[PDB]
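Heads up, the chain below is alone and in the form deposited in one PDB entry; it's given as structure tokens.
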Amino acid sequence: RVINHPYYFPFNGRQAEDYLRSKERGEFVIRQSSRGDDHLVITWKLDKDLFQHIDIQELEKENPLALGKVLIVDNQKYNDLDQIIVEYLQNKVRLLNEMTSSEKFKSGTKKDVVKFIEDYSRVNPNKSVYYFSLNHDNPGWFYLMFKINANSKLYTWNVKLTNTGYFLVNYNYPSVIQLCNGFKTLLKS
């Protein structure tokens, strides 16, 4: 389709992912959408085998092929692609890295992480434990799994990576630390 931007390709979801497979986390691609004249997608790599597709809705188009003068992502208004790449995408890549580097984050699949948490709990029978994992079935979400003690169920709450923090329940926390406190506070109540 008709768009002049270094990072634009006429790719579908699969071709985008193939193109990004071998590239760094945060590497992205803008591409046409199958939803019409007025949508684009940012595909990007969170990890090996893990890609998110962000819907870009265009408004105020001057003709069918041209890019829209107004762009909505995740209910936020933007003026051009560069603004989206920097103030939305790159902020998400920032927070992702912030989180995967935390002591509190466990890599790998959910099945694996649950194993890890349940062993730990058993060797720390009275310590409450909680870890973060990547949600491979819902790209851009983390699991938050905790276990009050060795005799409590393993509970799982969901946490959305946004461009301004980690959304949990009803609040968007701007850092991992703020998120950790916020979680310990949701429990006590």
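For every residue, the number given is its place in the sequence shown, counted from 1.
Higher average CA B factor: 146 to 154, of the stretches 28 to 36 and 146 to 154. Between 11 to 19 and 165 to 173, it is 165 to 173 that carries the larger average Cα temperature factor according to the deposited entry.
Residue-level inspection of the entry shows that, of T100, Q90, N79, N75, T100 has the top Cα B-factor. In the PDB entry, a CA B factor belonging to the highest third of its chain's modelled residues is recorded for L95.
Among all modelled residues in its chain, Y130 ranks in the highest third by Cα B-factor. Residue-level temperature factors show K69 in the middle third of its chain, judged at the C-alpha atom.
The next section is about a form of this same protein that is not shown, the form solved in complex with a partner chain.
Within 4.5 Å of any heavy atom of its partner chain in the deposited bound form lies no heavy atom of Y8. Contact annotation for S22: none of its heavy atoms lies within 4.5 Å of its partner chain in the deposited bound form. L187 belongs to the set of residues with a heavy atom inside 4.5 Å of its partner chain in the deposited bound form. Residue contact with its partner chain in the deposited bound form: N63 places no heavy atom within 4.5 Å of it.
The candidate site formed by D74, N158 and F183 is fully in contact with its partner chain in the deposited bound form, as each residue has a non-hydrogen atom within 4.5 angstroms of it.
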